[PDB]
J.: 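The structure that follows is given in the form of structure tokens.
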Amino acid sequence: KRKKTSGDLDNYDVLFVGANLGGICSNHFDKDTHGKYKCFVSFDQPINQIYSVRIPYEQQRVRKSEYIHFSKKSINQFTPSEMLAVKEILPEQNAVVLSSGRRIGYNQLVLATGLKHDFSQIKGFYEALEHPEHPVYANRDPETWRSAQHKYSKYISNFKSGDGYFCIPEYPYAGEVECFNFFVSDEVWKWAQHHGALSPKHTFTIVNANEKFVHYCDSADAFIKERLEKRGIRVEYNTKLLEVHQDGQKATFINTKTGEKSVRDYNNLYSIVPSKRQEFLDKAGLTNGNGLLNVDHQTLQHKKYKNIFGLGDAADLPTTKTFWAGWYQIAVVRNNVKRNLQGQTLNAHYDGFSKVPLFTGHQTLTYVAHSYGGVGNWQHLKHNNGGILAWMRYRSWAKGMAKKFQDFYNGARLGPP
Amino acid sequence: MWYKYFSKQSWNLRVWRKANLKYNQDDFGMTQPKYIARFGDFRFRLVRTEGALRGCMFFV
Ligand SMILES: CCCCCCCCCCCCCCCCCC(=O)OC[C@H](COP(=O)([O-])OCC(O)COP(=O)([O-])OC[C@@H](COC(=O)CCCCCCCCCCCCCCCCC)OC(=O)CCCCCCCCCCCCCCCCC)OC(=O)CCCCCCCCCCCCCCCCC
Ligand SMILES: NC(=O)c1ccc[n+]([C@@H]2O[C@H](COP(=O)([O-])OP(=O)(O)OC[C@H]3O[C@@H](n4cnc5c(N)ncnc54)[C@H](O)[C@@H]3O)[C@@H](O)[C@H]2O)c1
């Protein structure tokens, strides 16, 4: 019946920049407007890893096919797409130039570029991750691995001895709570110390560059540090990983507080991939300070250039940059964009809700849910000390969540509400 | 000079107690799932292999 909209145009009315959350919004945008508008999508990476099930993926409760998704699958068939990143953006002219060099016009811009990973912030880190034997592990898989490479799952298993370091980069970084696996490894490494698999002379410390683990929710941040002390894990703040020497297994850390660097021997290194602010978003005068989008906390509309929006991780919102937060940010964007296409007012407000599971044990978890003011709901930090209630909620997220992201990208299942 | 006539093509296996040590038990078999709990981990720790464990449970 309906003919596919064209991609060989000079201008559009809505333009989504991103595939992870920019694709789900476009799929939810067109279905609400019944395809009244012709929109274009321009992402940068061909593969979207489901970091929300990263820890069940490391436990191999999720196959690699259910963790690796293409970017085209998030976008519907009616709308055209192209894997070309934007080179520069002209908000005063309402146009966007791609890396190829073709100028494309727009009436509304939805920026979902998120936080771009930068492996080059740590010298030699990427090459030590891609190596199929080196004990350097990371938060995401390199794209050069085949389907038979399962090094990601050997971080907890192959820790027979040595010094172990869990490195947290400088905020803002992607995957704050959803990639915290120091509680599941502690329980498994407690078993290894019982029957001798783990040597009694081993060291594990959390190298956190920031001062706190959860920035915008102090209720959950106090719980983490309280539980880390009860477990016995040592934490070092204001220290960030700087260089990884693959030859002698040396890790260069630097205390950003005092500017003092040191060299430490490691045998099991895990680091969350650090982010990097994209320079073109600063040349166009859209970001502020740290490099995040300066938009309204309520309507997600930018301060200036009211035709430009922002959501996901790239937006500067006083909340945890999770995926369930994006479920409630696409409903607001697809609404307010619909209102500016008709000149109407903006009645969609974002309350700052964000939900992320915190794996407190090998097979138990608790939910970190909070509003804009850091206040949690009925689920916040409940059944946190393990038990049947915590065990059932774990199996529902480990065995029954990865199969749901297929419907999210297709369009069969919408957000929670 | 027996090592001069030794054939290194037999190094494809490392046989010890009738078991090949270069066996990818982390990707194949009952030992592949990393979500095993304390009991299953301690059980594989004792026998080190699935072939020996299954052989004993056959009679037990
Ligand atoms: C009932 C009639 C009895 C008649 C007589 C029978 C004879 C009895 C005497 C002999 C006893 C049996 C001996 C068996 C051992 C033989 C040797 C052997 O084979 O190796 C060990 C063998 C190892 O098993 P496995 O296959 O390797 O384990 C699976 C994985 O490998 C393990 O993987 P894992 O370790 O990594 O993780 C395991 C688990 C994680 O598990 C844990 O971590 C938990 C561990 C907690 C330990 C806590 C320790 C506490 C210490 C004590 C308490 C502290 C002190 C308290 C002080 C109090 C003070 C008073 O994780 C999971 O996710 C579990 C999967 C989901 C749960 C599946 C449960 C199925 C239940 C179905 C029935 C439901 C009925 C509910 C009704 C409830 C009310 C009755 O153990 C067993 O065989 C257990 C028996 C199983 C028999 C199955 C056949 C029957 C089917 C179940 C019954 C169905 C209902 C029937 C009645 C219905 C009408 C009522
Ligand atoms: N743990 C992690 O490292 C990680 C990484 C990404 C997403 N996530 C999870 O997913 C949630 C939402 O992810 P997200 O969508 O906000 O980030 P994202 O990186 O997944 O999405 C960014 C998209 O925009 C594209 N992009 C980036 N720069 C671009 C440029 N110059 N030009 C054109 N396209 C560009 C990317 O290709 C990508 O399709 C997050 O809240 C988080 O929970 C986690």
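In what follows, every chain begins at residue 1, and chains take the letters A, B, ... in the order their sequences are listed. The figures that follow rest on heavy atoms only: side chains count, while hydrogens, waters and symmetry mates do not.
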J.: Quick one: what part of A/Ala192 sits under 4.5 Å from any heavy atom of chain B, side chain, backbone, both or neither?
T.: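 Neither part.
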J.: Taking all atoms of both residues into account, what is the closest heavy-atom pair of B/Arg45 and A/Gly196, and its distance?
T.: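 Distance-wise, the nearest heavy atoms are NH2-C, 3.7 Å.
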J.: For atom CG of B/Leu21, decide whether the heavy atoms of other residues, nucleotides or ligands shown that lie under 6.0 angstrom number more than 12.
T.: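 Check passes, neighbour count above 12.
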J.: Of all the residues in residues 134-146 of chain A, which have a heavy atom that comes within less than 4.5 Å of a heavy atom in chain B?
T.: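 Within residues 134-146 of chain A, no residue comes under 4.5 Å from chain B.
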J.: Just checking B/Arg43: does its CZ atom have more than 12 heavy atoms from other residues, nucleotides or ligands closer to it than 6.0 angstrom?
T.: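 Enclosed: over 12 neighbouring heavy atoms sit under 6.0 Å from CZ of B/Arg43.
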J.: Around atom CD of A/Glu229, are there more than 12 heavy atoms from other residues, nucleotides or ligands closer than 6.0 Å?
T.: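 At most 12 heavy atoms, drawn from other residues, nucleotides or ligands, come within 6.0 Å of this atom.
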J.: Side-chain donor-acceptor pairs under 3.5 Å in residues 23-38 of chain B, sequence neighbours left out?
T.:
unit_1: B/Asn24; atom_1: OD1; unit_2: B/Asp26; atom_2: N; d: 3.4
unit_1: B/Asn24; atom_1: OD1; unit_2: B/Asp27; atom_2: N; d: 3.4
unit_1: B/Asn24; atom_1: ND2; unit_2: B/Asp27; atom_2: OD2; d: 2.7
unit_1: B/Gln25; atom_1: NE2; unit_2: B/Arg48; atom_2: O; d: 3.2
unit_1: B/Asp26; atom_1: OD2; unit_2: A/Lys154; atom_2: NZ; d: 3.4
unit_1: B/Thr31; atom_1: OG1; unit_2: B/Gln25; atom_2: O; d: 2.4
unit_1: B/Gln32; atom_1: NE2; unit_2: A/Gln60; atom_2: OE1; d: 3.2
unit_1: B/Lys34; atom_1: NZ; unit_2: A/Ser153; atom_2: OG; d: 3.3

J.: Identify, with sequence neighbours excluded, every residue that meets side-chain contact (heavy atoms from CB on, under 4.5 Å) alongside B/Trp11.
T.: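 Once residues adjacent in sequence are excluded, the partners of B/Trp11 under the side-chain contact (heavy atoms from CB on, under 4.5 Å) criterion are B/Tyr3, B/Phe6, B/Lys8.
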J.: Could you check whether atom CD of A/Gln149 has more than 12 heavy atoms from other residues, nucleotides or ligands sitting under 6.0 Å from it?
T.: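 Atom CD in A/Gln149 is packed in, count exceeds 12.
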J.: Using a 3.5 Å cut-off and no angle test, enumerate the donor-acceptor pairs between side-chain atoms of residues 396-404 of chain A and protein atoms at least two apart in sequence or in another chain.
T.:
unit_1: A/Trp397; atom_1: NE1; unit_2: A/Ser52; atom_2: O; d: 3.0
unit_1: A/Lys404; atom_1: NZ; unit_2: A/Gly400; atom_2: O; d: 2.3

J.: Counting only heavy atoms closer than 4.5 Å, note whether A/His195 contacts chain B via side chain, backbone, both or neither.
T.: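 Both parts, heavy atoms under 4.5 Å.
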J.: So for atom CZ, which belongs to A/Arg231, do other residues, nucleotides or ligands contribute more than 12 heavy atoms lying within a distance under 6.0 Å?
T.: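 Buried by this count: over 12 neighbours within 6.0 Å.
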J.: Side chain, backbone, both or neither: which part of A/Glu58 has an atom under 4.5 Å from a heavy atom of chain B?
T.: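 A/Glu58 touches chain B through backbone heavy atoms alone.
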